[PDB]
Amino acid sequence: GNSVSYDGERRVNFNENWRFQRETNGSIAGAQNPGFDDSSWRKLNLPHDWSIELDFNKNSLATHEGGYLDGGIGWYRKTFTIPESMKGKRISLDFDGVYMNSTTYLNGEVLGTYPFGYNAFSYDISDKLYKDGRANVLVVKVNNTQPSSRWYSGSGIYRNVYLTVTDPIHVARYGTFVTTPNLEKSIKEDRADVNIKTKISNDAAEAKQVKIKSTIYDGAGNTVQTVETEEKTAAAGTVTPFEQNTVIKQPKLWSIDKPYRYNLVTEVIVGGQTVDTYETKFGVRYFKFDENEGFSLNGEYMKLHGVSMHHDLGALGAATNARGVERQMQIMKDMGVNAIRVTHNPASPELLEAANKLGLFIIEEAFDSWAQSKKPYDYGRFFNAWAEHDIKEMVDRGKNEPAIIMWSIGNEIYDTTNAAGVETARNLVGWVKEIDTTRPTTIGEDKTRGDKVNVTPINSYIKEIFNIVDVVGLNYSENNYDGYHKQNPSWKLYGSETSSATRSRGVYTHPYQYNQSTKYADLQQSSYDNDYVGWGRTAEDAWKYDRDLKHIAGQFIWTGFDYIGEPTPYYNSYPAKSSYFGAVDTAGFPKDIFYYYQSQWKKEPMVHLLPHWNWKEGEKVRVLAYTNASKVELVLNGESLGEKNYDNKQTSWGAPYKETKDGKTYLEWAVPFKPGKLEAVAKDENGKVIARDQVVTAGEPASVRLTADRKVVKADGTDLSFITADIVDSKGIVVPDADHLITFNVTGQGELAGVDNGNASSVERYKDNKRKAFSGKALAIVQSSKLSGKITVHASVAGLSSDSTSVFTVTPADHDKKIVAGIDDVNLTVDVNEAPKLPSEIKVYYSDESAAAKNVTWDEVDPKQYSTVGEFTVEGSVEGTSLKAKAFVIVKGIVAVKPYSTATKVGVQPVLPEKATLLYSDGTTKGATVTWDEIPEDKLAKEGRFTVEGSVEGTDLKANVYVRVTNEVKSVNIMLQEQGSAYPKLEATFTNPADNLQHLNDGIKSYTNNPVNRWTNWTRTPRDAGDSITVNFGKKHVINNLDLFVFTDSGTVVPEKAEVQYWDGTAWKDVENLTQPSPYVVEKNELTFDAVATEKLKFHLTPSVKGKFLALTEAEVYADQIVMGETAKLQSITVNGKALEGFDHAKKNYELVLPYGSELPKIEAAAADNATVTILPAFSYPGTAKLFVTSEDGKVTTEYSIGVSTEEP
């Protein structure tokens, strides 16, 4: 057990080298006591969530609200020792959070328990440790029985953990309270008045005289004012309060636009000697919630542009990371947000600190539930015995923060409509008031919503509760905003949460229809803001209801950030696991309503076009441009389309705002799509251009671009950098619908913390190296390590050019000093005999994370380097420092012939690409138009695989394709009958012995007393499983329809549904192109099945009525094709025109290492009777070259691999 790194710091981090183990096979007995052997358990750094790492489980007790991420019981164990320098003084273990019911042992004894999840709790450890220097053993059980929440929460110790080491005379846990009483009056004198209250706990064995010195440091460390107290005795083993007062001349008021803060340092003095010190940063600021004039700060009127936010950080899971939260806050502040309503649980310390730095208000939510529990294992289970303790803990922790403006007490409480509920609310407000008084209390209520259209009368007890609290908040109740102001003038009202509407990034379905809680096939929602839940509204309506009313303090949009779990429009739909409420997706990419809110709430000019520009030709498209400018006009490919405008409206009390005559807050057009560029220009009332924006039609996927949020991060082991992997075309325009699979490889002084795309309906695990792009983007998270250096991020996609980006990791000490931290590498790819264009100036990144654009000189480039296909590196110089620049160059293109292969239907021409990609050995994928020579029927007349030449437009050499053969070819029409046929064989799961199976293609349907052509499965035993018919053909023809004619009687009923499968050779495959009308007890039904290999085609049907059988008079299936059923696995293999040494079907790799200077080898292979083989040459200096075979109907494949690399030079 290693010793803790104590050297004098008051609070010591404790996140290092824990050991973790989840319970999967029953309770792990004995883990609590030191005697356990945990050497097999995984080592781990502490702040983490062990639910986010697991795979989404459909059967998990975690309902769809929790995101299907399993929970359970987990154990933490850490063994450690204590240095002598720390021996002989008070020691206490502080946890900032453990999700549920965590019982912590120590040295084989119980240390305590804490049910509530989101509160920091502490234990006094001083006595229990071994003073001998022997290794201690700390264990932290967590019992998170899964059905315990309404949103994803994570599990385990998801917040930092510290040891606090202090003198026996020390400040209490939160023994300091800084205020500015009557600051509103004082500021008129240009003088702030500060009052300090301090609590000192003397744990020594005897009372001692105690003194305090306090100092007020400005933001730059300059002393502002100091105070010292008269020495007074401090009793033994108890708390002795102190108090001081002072003034601050010319105070710098805390504000959103200037979040200035002061620092206070206390110095407990005993015997004329410092014995303990403490720090709390505070801020001087006055705010007033008025019942008529609305919210105001420091005497300035303001609207609370608010946003509800959950604790979850997305790819990181519930685990807290300082920069993750800071990034969320920064994105919100960019949106123009003013306040954050931390939802349904107290905020984390990092969130509070980020709000203080950035200048965002905060509202702390105590509980989601009182005594009555909303889920079986929720906090309501423990509410009675712990509500007071938890309220005290939260308010005590957060009281000093300048950002916190309001304590909230509940949300959507069932008990709010009962007398006991009123008693509970009074108790809660009493407990809150027992500690803090300079902040209103609050409750979040929804029961007043009623019908959303009329002012609902208030329930008896709800008025009592609203009178109990100081400020009242309403959920989704815009229909009461002004009515309750009239009926209760003393009330101060604000929108607790509004505009619950569902969005998905880049999805633009249903341009004109406004739904309400409607599911969709794709499991997505529209970004047009036409869609929302039943009890919510569109953001336009909710914002109009708020802007119009002066007395309303503001609103808090529900869910600024998309969070895991709670997929409301898709209850019980496994692929859907995430919310849709966010204005910013889980990864952090803003959805268009982000830009709507930016237009509405921000001041500076802007403009943003909503839909992408990759639609079909000729169709009208709904294009609407959010903006706060007075005029905007679209310009499509240089021609204008219409100059829309707003009306300079003014509210009743004179608040300016912009809006159209209709009453919409955004401008709109209906444009017939035409590929090109669509640019929007914003112009003020005088016509001067103010801002611009554009959207361009994206071409085919070309390359994967990587951009980092910030390329300089601290080497503290937890600083994060967010890297956006967006797929772009050749011109660098993000493809607006790409979804390819991106594989991330990261090496250096950092690790891949998480990867994301933000797709709500994707169950791809968060903690992995690969992730599918969604709507053309994906996110990868890299976290630095303790060691300074560099982090290299490499991302690659099949058939696309990879890319690399470097993140520089500097030391915390250097971060404050502007010194060179690194120089970015330049990537260039050119064709053969193409001179790379090296930049004349380069970006130079310093520590302190700034600066750029330094001049350079580049070393000479030989013609041999680029005149031939290959790779090489170029070096240069920089005048900023002696660090050597660097640049890589790739020289690859089109030289010679390019092959291809495929399989095809009978008669119909093969589906070939008219823009076939040209790739070569050690080359690159280059796409150009290819004219495949017009393929007639006769080419199939010869065995094996027939060749076709493809003429390429704009290249030197021509392409080719080898198409597998099916021999005979023919076409037919009106095939409805045959005199006698050998093709239509029929075999069925069950045939009633009294009924024939070959009646399904007799040619005439039996609707009357005519000969009864009818299959039937009637039996005394039930047949609820249904029945199917397998039809065989030896007719080389096409299939275009499937007509099913149904018969019913007292024993049989119609098919419930149709499901069809087919196998060529060995294994089954499913059919597409159904086009099935409504299935009912009706005369007819129809389908439009396409051509399919039909050695045997099986269609299964379930009876429509439980307890009723099935019968069919006819089933029209016509033809069959053989494609690859008769083939087998790989047969031939050759390299360099010679036998491949070391080859084998099962051997995982062939060690074909090349001497240096020997060019990469060509490879040829084939399968028995030419199964489709993906012939790919070797293209990488490292790694391997692999061959694969497509066999059967895709139900199997075989792997072959070659170890291609060059020996030492």
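Positions of Cβ are generated from backbone atoms using ideal geometry, with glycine treated the same way; all protein chains shown enter the neighbour counts. All of this is worked out from the model, or read from it or from the source named; no laboratory instrument gave them.
Only one residue in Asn143, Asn160 is of a type in the set (S, T, N, Q) and either over 30 Å from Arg10 (Cβ atoms) or more than 44 Å from the chain's Cα centre (by Cα) (or both). Which one? Working first, answer last.
On the way: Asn160 fails: either over 30 Å from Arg10 (Cβ atoms) or more than 44 Å from the chain's Cα centre (by Cα) (or both).
Checking each option against the conditions leaves just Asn143.
Looking at (1) farther than 30 Å from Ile781 by Cα; (2) not in a loop (DSSP other than H, G, I, E, B), which one does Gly272 not meet, given that it meets all the others?
Checking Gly272 against (1) farther than 30 Å from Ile781 by Cα; (2) not in a loop (DSSP other than H, G, I, E, B), the one that fails is (2).
Identify all residues within the range 383-401 that are closer than 23 Å to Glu445 by Cβ and crowded, with 18+ Cβ neighbours inside 10 Å; write none if there are none.
Hits for the range 383-401 are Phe383, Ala387, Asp390, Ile391, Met394, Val395, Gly398.
Can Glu401 be described as assigned to a loop (DSSP other than H, G, I, E, B), of a type in the set (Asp, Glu) and within 20 Å of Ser296 (Cα to Cα)? Even if it seems obvious, please write down each step before you answer.
Details: assigned to a loop (DSSP other than H, G, I, E, B): yes; of a type in the set (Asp, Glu): yes; within 20 Å of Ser296 (Cα to Cα): yes.
Yes.
Please give the number of the condition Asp49 fails out of (1) part of a loop (DSSP other than H, G, I, E, B); (2) in contact with a strand residue (DSSP E or B) (Cβ under 9 Å, 6 or more places away or on another chain); (3) assigned by TED's automatic domain parsing to the domain that holds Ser126; (4) not small (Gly, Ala, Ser).
Checking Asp49 against (1) part of a loop (DSSP other than H, G, I, E, B); (2) in contact with a strand residue (DSSP E or B) (Cβ under 9 Å, 6 or more places away or on another chain); (3) assigned by TED's automatic domain parsing to the domain that holds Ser126; (4) not small (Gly, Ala, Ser), the one that fails is (2).
Need at least 3 residues that are within 27 Å of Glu849 (Cβ to Cβ) and not β-branched (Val, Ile, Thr) per element, so show me which strands (runs of 3 or more DSSP E) inside the range 697-790 make the cut, counting only ones lying wholly within it. Spell out how you get there, then give the answer.
Details: elements: 703-708, 712-714, 720-728, 741-748, 750-756, 770-772, 777-784.
Of the strands (runs of 3 or more DSSP E) lying wholly inside the range 697-790, those with at least 3 residues that are within 27 Å of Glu849 (Cβ to Cβ) and not β-branched (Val, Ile, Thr) span 703-708, 720-728, 741-748, 750-756, 777-784.
So if I check each of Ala959, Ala941, which one is of a type outside the set (D, E, K, R) and either in contact with a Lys or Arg (Cβ under 9 Å, 6 or more places away or on another chain) or closer than 30 Å to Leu1110 by Cα (or both)? I'd like the intermediate steps shown before the answer.
Values: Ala941 fails: either in contact with a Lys or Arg (Cβ under 9 Å, 6 or more places away or on another chain) or closer than 30 Å to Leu1110 by Cα (or both).
So the residue among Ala959, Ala941 that is of a type outside the set (D, E, K, R) and either in contact with a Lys or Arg (Cβ under 9 Å, 6 or more places away or on another chain) or closer than 30 Å to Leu1110 by Cα (or both) is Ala959.
Give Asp592, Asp541, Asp562 a once-over and let me know the one that is at negative phi, in contact (Cβ under 8 Å) with a residue 40 or more places away in the chain, charged (D, E, K, R) and surrounded by fewer than 17 Cβ atoms within 10 Å (Cβ to Cβ). Even if it seems obvious, please write down each step before you answer.
Working: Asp592 fails: surrounded by fewer than 17 Cβ atoms within 10 Å (Cβ to Cβ); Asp562 fails: surrounded by fewer than 17 Cβ atoms within 10 Å (Cβ to Cβ).
Testing whether each residue is at negative phi, in contact (Cβ under 8 Å) with a residue 40 or more places away in the chain, charged (D, E, K, R) and surrounded by fewer than 17 Cβ atoms within 10 Å (Cβ to Cβ) leaves just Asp541.
Search the range 698-717 for residues that are closer than 16 Å to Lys790 by Cβ and pair each with any residue that is surrounded by 20 or more Cβ atoms within 10 Å (Cβ to Cβ) and of a type in the set (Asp, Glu) when their beta-carbon atoms are under 6 Å apart and the residues are at least 6 apart or on different chains.
Sorted first by the residue in the range 698-717, then by its partner, the pairs are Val713/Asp719.
Being under 30 Å from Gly954 (Cα atoms), touching a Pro at 6+ places or on another chain (Cβ under 7 Å) and not hydroxyl-bearing (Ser, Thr, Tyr) is the requirement here; does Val889 meet it? Break it down into steps so the answer makes sense when it comes.
Values: under 30 Å from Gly954 (Cα atoms): yes; touching a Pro at 6+ places or on another chain (Cβ under 7 Å): yes; not hydroxyl-bearing (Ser, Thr, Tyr): yes.
Yes; evaluated as a whole, the condition is true for this residue.
Tally time: how many residues in the range 278-337 are touching a strand residue (DSSP E or B) at 6+ places or on another chain (Cβ under 8 Å), β-branched (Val, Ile, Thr) and either under 26 Å from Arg150 (Cα atoms) or assigned to a strand (DSSP E or B) (or both)?
4
Quick one: in the range 312-356, which of the residues that are over 20 Å from the mean Cα position of the chain (by Cα) and over 20 Å from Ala120 (Cβ atoms) is surrounded by the most Cβ atoms within 10 Å (Cβ to Cβ)?
So, considering only residues that are over 20 Å from the mean Cα position of the chain (by Cα) and over 20 Å from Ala120 (Cβ atoms), the one surrounded by the most Cβ atoms within 10 Å (Cβ to Cβ) is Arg341.
From the set of residues in the range 1007-1040 that are part of a strand (DSSP E or B) and in contact with a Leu (Cβ under 6 Å, 6 or more places away or on another chain), which is farthest from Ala1111 (Cα to Cα)? Lay out the reasoning, then the answer.
Narrowing the range 1007-1040 to residues part of a strand (DSSP E or B): 1015-1016, 1027-1032, 1036.
Those still in the list that are in contact with a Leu (Cβ under 6 Å, 6 or more places away or on another chain) too: 1015, 1027, 1031.
Details: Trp1015: 5, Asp1027: 10, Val1031: 16 Å.
Residue satisfying both the conditions and the ranking: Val1031.
Looking only at strands (runs of 3 or more DSSP E) that lie completely in the range 439-515, which have at least 2 residues being surrounded by 19 or more Cβ atoms within 10 Å (Cβ to Cβ) and free of Cβ contacts under 8 Å to residues at least 60 places away in the same chain?
Working: elements: 441-445, 471-475, 493-498.
Ranges flagged: 441-445, 471-475.
Restricting to the range 505-536, give me the number of residues that are of a type in the set (A, V, I, L, M) and farther than 23 Å from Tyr563 by Cβ.
Taking the range 505-536 and keeping what is of a type in the set (A, V, I, L, M), we get 507, 521, 523, 533.
Then drop every residue that is not farther than 23 Å from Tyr563 by Cβ, which leaves 521.
Residues in the range 505-536 being of a type in the set (A, V, I, L, M) and farther than 23 Å from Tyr563 by Cβ: 1 in total.
Could you run through the range 616-646 and say how many residues are of a type in the set (D, E, K, R), surrounded by fewer than 14 Cβ atoms within 10 Å (Cβ to Cβ), closer than 19 Å to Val689 by Cα and touching a strand residue (DSSP E or B) at 6+ places or on another chain (Cβ under 6 Å)? It would help to see each step written out before you state the result.
Keep residues of the range 616-646 that are of a type in the set (D, E, K, R), which gives 616-617, 619-620, 622, 631, 633, 639, 643-644.
If we keep only those that are surrounded by fewer than 14 Cβ atoms within 10 Å (Cβ to Cβ) too, we end up with 616-617, 619-620, 639, 643.
Retained after the next criterion (residues that are closer than 19 Å to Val689 by Cα): 639, 643.
Among the residues that remain, those that are also touching a strand residue (DSSP E or B) at 6+ places or on another chain (Cβ under 6 Å) are: 643.
Residues meeting the conditions: 1.
Kindly indicate whether any position in the range 1052-1069 is charged (D, E, K, R), out of contact with any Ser or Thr (no Cβ under 8 Å at 6 or more places or on another chain) and either in a loop (DSSP other than H, G, I, E, B) or free of Cβ contacts under 8 Å to residues at least 24 places away in the same chain (or both).
No, the range 1052-1069 contains no residue that is charged (D, E, K, R), out of contact with any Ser or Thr (no Cβ under 8 Å at 6 or more places or on another chain) and either in a loop (DSSP other than H, G, I, E, B) or free of Cβ contacts under 8 Å to residues at least 24 places away in the same chain (or both).
Go through the range 1-58 and give me each residue that's without any contact (Cβ under 8 Å) to a residue 60 or more places away in the chain and aromatic (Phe, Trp, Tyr).
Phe36, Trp41, listed by residue number.
For the range 1168-1209, give me each residue that is surrounded by fewer than 20 Cβ atoms within 10 Å (Cβ to Cβ) and among the small types (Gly, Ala, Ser).
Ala1168, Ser1180, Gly1183, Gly1194, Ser1201, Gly1203, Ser1205 - these are the residues of the range 1168-1209 that are surrounded by fewer than 20 Cβ atoms within 10 Å (Cβ to Cβ) and among the small types (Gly, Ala, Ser).
Please go through the range 6-59 and give me each residue that is more than 22 Å from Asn321 (Cβ to Cβ) and of a type in the set (A, V, I, L, M, F, W, C), ordered by number.
Scanning the range 6-59 gives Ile28, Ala29, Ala31, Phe36, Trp41, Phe56.
Give the range 929-975 a look and list any residue that's among the β-branched types (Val, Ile, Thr), under 30 Å from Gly1003 (Cα atoms) and in contact (Cβ under 8 Å) with a residue 60 or more places away in the chain, or say none. Explain how you work it out, then say what you get.
Looking only at the range 929-975, we keep the residues that are among the β-branched types (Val, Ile, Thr), and these are 929-931, 935, 947-948, 952, 955, 961, 963, 965-966, 969, 972, 974.
Add one more test, that the residue is under 30 Å from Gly1003 (Cα atoms), and what stays is 966, 969, 972, 974.
Passing the criteria: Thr966, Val969, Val972.
Let's see how each residue does on (1) within 36 Å of the chain's Cα centre (by Cα); (2) of a type in the set (A, V, I, L, M); (3) over 24 Å from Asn614 (Cβ atoms):
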| residue | (1), (2), (3) |
| --- | --- |
| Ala625 | yes, yes, no |
| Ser630 | yes, no, yes |
| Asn645 | no, no, yes |
| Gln650 | no, no, yes |
| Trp653 | no, no, yes |
| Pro656 | no, no, yes |
| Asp662 | no, no, yes |
| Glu668 | yes, no, no |
| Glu679 | yes, no, no |
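Return a yes/no flag: does the range 127-143 have any residue that is surrounded by 23 or more Cβ atoms within 10 Å (Cβ to Cβ) and either among the basic types (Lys, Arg) or under 24 Å from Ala385 (Cα atoms) (or both).
Yes, that holds for at least one residue.
Select from the range 52-83 the residues that are of a type in the set (D, E, K, R) and outside any strand (DSSP E or B) and write down the one among them that is farthest from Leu316 (Cα to Cα). So that I can check it myself, show each step before the final result.
At the first step, the residues of the range 52-83 found to be of a type in the set (D, E, K, R) are 53, 55, 58, 65, 70, 77-78.
Filter once more, keeping what is outside any strand (DSSP E or B): 53, 55, 58, 65, 70.
On the way: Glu53: 9, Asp55: 15, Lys58: 22, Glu65: 19, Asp70: 16 Å.
Applying the filter and picking the extreme gives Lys58.
Looking only at strands (runs of 3 or more DSSP E) that lie completely in the range 108-176, which have at least 2 residues being free of Cβ contacts under 8 Å to residues at least 40 places away in the same chain?
Details: elements: 109-114, 121-124, 136-144, 161-166.
Correct list: 109-114, 121-124.
Residues that are part of a loop (DSSP other than H, G, I, E, B), of a type in the set (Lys, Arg) and either under 30 Å from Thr1066 (Cβ atoms) or not assigned by TED's automatic domain parsing to the domain that holds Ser796 (or both): does the range 1089-1096 have at least one?
Of the range 1089-1096, the ones part of a loop (DSSP other than H, G, I, E, B) are 1089-1095.
Filter again for of a type in the set (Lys, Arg), leaving none.
The answer is no; no qualifying residue exists.
When residues of the range 176-200 are filtered for being crowded, with 19+ Cβ neighbours inside 10 Å and either in contact with a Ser or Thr (Cβ under 9 Å, 6 or more places away or on another chain) or closer than 30 Å to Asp124 by Cβ (or both), how many remain?
Going through the range 176-200 one residue at a time, the tally reaches 11.
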